[PDB]
């Protein structure tokens, strides 16, 4: 695909991927690059930095404030008042001023922008955070946290109960709790009233409370999380903690009867001798249609239609894709169509894995379901490719240096036989070092480097009251924390479907090392 032919396709991640391929091979000239912004679906990350080696953007500054950016720390007192206030939106700029000018500006702004005044005078002290915390300036607090994460201080009950009202609070709480940073902030957040938080914030504050062995406060946070969470899966995670902490048997019962299939509801079913949830069975009699499952542009198109279809239009697409050849698209449509109420665990291109042992089949399928929902031409925002969502670098190393496939191209990852084969091969390497399918999942998504670093710590996946569940809440990258939970549920299910059942309790026991 030449740049001219790509330009005649709709904007999409696939079109981006292919533009990126031209760029990394140095095939986009300065002239081709001129009209190219408008041809990129998602102008973020690698494709942006690559295009910018060819055509910098010096942008962007609002024509109105242009003259404000002609001043520096040394001339800011010569600027009009509007220009003065615009420049003071940057804490680095404020930090750069000398203290006499911070004093002068603080007076200028006392009446109309006391927020600026507080930051100006704060930077005249040796601890600006302490000054801001004494004023209980909430906006100031978050601006300082965003400026530097190194500030750490005890916060009293009144102040910490004000933080949750700011949009920055949820990321602030999450970051410092899962990174184990800012201990004085963390300890202080024990005194946040559960009434003042909800949803993810409440949940993280429950995890925080467990790390300090405040199990009652933890129960109260998790219970507020349970009552406010929008998604049933997250609600289940909170109900699980409520149960582990207090062992009210109504909590476990509610979790065992959840409509969401996840590790918590599966475990609850197993603890209460409740039957395994019903898994749908999709077996279309019709064998093929016109659709090319190997065309990534056709997937981007159909995917957009499916996501924008009303309750009614799905039914038309369901019927059209009700074939063996488009099984992955059928199940994808059905999953949306039934508003996530039914459980679909398909096994497409099964011939390519039927000779592996069943445990290996389940792990493969478990990864694929989460990675791509088995869409052969799936492309991620980082341009991970195919059913098993290989990054190009690893695909080329396996494809070219290890397996030496003749005329290998990274787009071979779009073929099911290749995806399953490379997945099997990579999963072999991970399993041999890590053993648990959870740990393999973490390493598959996040790399074996971060997984090995997490498992070398003395406070992760070791023995303890609430292990291994607590450790699973403190996995330091959000995407990997989530990924491992979802893939582990998938794994349990597929082991069951393949008549190679395991108790999820056995999985959890083998996460604790000594």
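Positions refer to the first chain, counted from 1. What we label the rigid core is the largest C-alpha set whose atoms superpose within 1.5 Å from one form to the other.
Relative to the displayed structure, the C-alphas of 312 to 320 lie farther away on average in 8 other deposited structures of this protein than those of the other candidate, with 208 to 216 and 312 to 320 compared after rigid core superposition.
Between 5 to 13 and 494 to 502, the higher mean Cα B-factor belongs to 5 to 13. Between 370 to 378 and 396 to 404, the higher mean Cα B-factor belongs to 396 to 404.
Residues shown: 171, 199, 249, 270. Highest C-alpha temperature factor in the entry: 249. Note on the listed residues 441, 97, 144, 317: the highest Cα temperature factor in the record is that of 317.
Residue 461: CA B factor in the middle third of modelled residues in this chain (values from the PDB entry). Looking at the C-alpha B-factors along this chain, the one for residue 27 belongs to the middle third.
In this PDB entry, residue 468 carries a Cα temperature factor that places it within the lowest third of its chain's modelled residues. Per the PDB record, residue ranking by Cα B-factor puts residue 478 in the middle third of the chain.
For residue 277, the recorded CA B-factor ranks within the middle third of the chain. Only modelled residues enter the ranking.
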